[PDB]
Amino acid sequence: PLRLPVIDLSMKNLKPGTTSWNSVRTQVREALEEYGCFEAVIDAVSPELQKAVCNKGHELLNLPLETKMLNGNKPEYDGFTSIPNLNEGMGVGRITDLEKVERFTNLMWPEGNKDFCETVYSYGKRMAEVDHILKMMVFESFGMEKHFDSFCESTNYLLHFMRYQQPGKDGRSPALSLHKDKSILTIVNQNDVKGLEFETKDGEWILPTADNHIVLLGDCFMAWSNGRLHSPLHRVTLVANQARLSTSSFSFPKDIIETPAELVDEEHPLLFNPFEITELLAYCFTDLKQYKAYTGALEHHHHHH
Ligand SMILES: O=C(O)CCC(=O)C(=O)O
Ligand SMILES: [Fe+3]
């Protein structure tokens with residue numbers, strides 16, 4: 001039976017230069033290269049805070065439709081979205097910018113919701129640190145440390161909630177359609193109800209238990225790596241008659257993604273020209289190889305030798 005790799009991202013392993021850092025970095029690179037994702041033990045967020053954030057997601061999605069639509073009409077990022085009688089969701093954009101979070105909260109709760117603002121801000125900052133460390137490890141695994149600071153400058157962070165109503169039956173109930181994330185990295189907590197399901201390169205399906213966090217790679221990181229890392233296709237399939245809420249943390253570049261020249265060679269021709277993340281996100285709501293950034297070049301496994 002297939003299971004995603006299980007990687008220990010506890011804070012005790014996340015000190016640079018230590019042997020535990022190096023062994024986790026090796027595992028992270030291998031998992032992101034073969035699966036594009038892995039189960040993760042993450043203790044940057046306490047169980048209490050993780051549960052509180054879950055409640056804030058239910059509190060937010062419980063608001064009236066016209067209130068949630070105050071968050072705007074960009075469902076590719078933070079805007080409210082809904083498939084009738086199936087799922088709904090929105091995000092808190094720029095979750096690491098306290099001024100933005102306060103603004104969002106005042107919009108949703110004009111009378112004030114202080115525990116909401118403090119809870120999601122604390123969660124987003126903690127999950128941004130994990131995201132930061134993971135990217136630092138990936139860059140080290142490619143010898144690309146000299147590009148790391150510039151890549152991380154003004155990273156945009158998103159806290160996103162997806163809720164799926166009770167399907168009313170046992171067995172498999174499709175709940176979110178297949179896609180790749182357009183993030184750099186995405187960190188997912190399933191809040192004790194599994195459903196997130198990944199396709200492997202070989203066309204098998206892996207549905208993790210809800211034991212651990214899930215880290216998965218988005219198209220932005222795939223493209224930065226010149227396709228050396230895999231961004232996995234994934235969907236949601238409920239497998240029990242219970243509602244589900246997921247908490248997700250996305251990182252997006254300041255603006256432009258560009259493949260380092262050092263990640264291009266004779267066997268790895270440049271797959272993607274530079275592109276703007278906001279243009280791409282809006283394009284997908286009107287496979288990155290389908291976007292205008294694709295050069296037409298052959299992937300590595302198609303190199304002619
Ligand atoms: O609800 C989930 O776990 C999946 C959500 C997801 O994949 C996404 O919003 O991109
Ligand atoms: Fe996704």
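Each residue's number is its place along the chain shown, starting with 1.
If you're wondering, the header gives X-ray crystallography, 2.1 Å.
Each Cβ is built from the backbone N, Cα and C atoms, and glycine gets one as well.
Shown in sequence order, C37, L178, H179, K180, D181, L196, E197, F198, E199, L216 are the residues of the chain, 6+ apart in sequence, with a C-beta less than 8 angstroms from the C-beta of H234 (Fe cation binding site). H234 (Fe cation binding site) carries a strand DSSP state (E or B). For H179, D181, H234, the entry in Swiss-Prot reads Fe cation binding site, with the evidence type sequence analysis.
According to DSSP, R244 (2-oxoglutarate binding site) sits within a strand segment. As annotated by Swiss-Prot, 2-oxoglutarate binding site applies to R244, with the evidence given as sequence analysis.
Residues annotated as domain 'Fe2OG dioxygenase' in Swiss-Prot, with sequence analysis given as evidence: 154-253.
What the PDB entry lists as expression tag is 298-305.
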Checklist outcome for this item: Residues sitting within 8 A of the centre of the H179, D181, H234 CB atoms (Fe cation site), not counting those, run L178, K180, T186, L216, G218, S231, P232, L233, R235
Checklist entry - Just checking, which of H179, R244 (binding-site residues) has the fewest C-beta atoms within 10 Å of its C-beta? => result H179
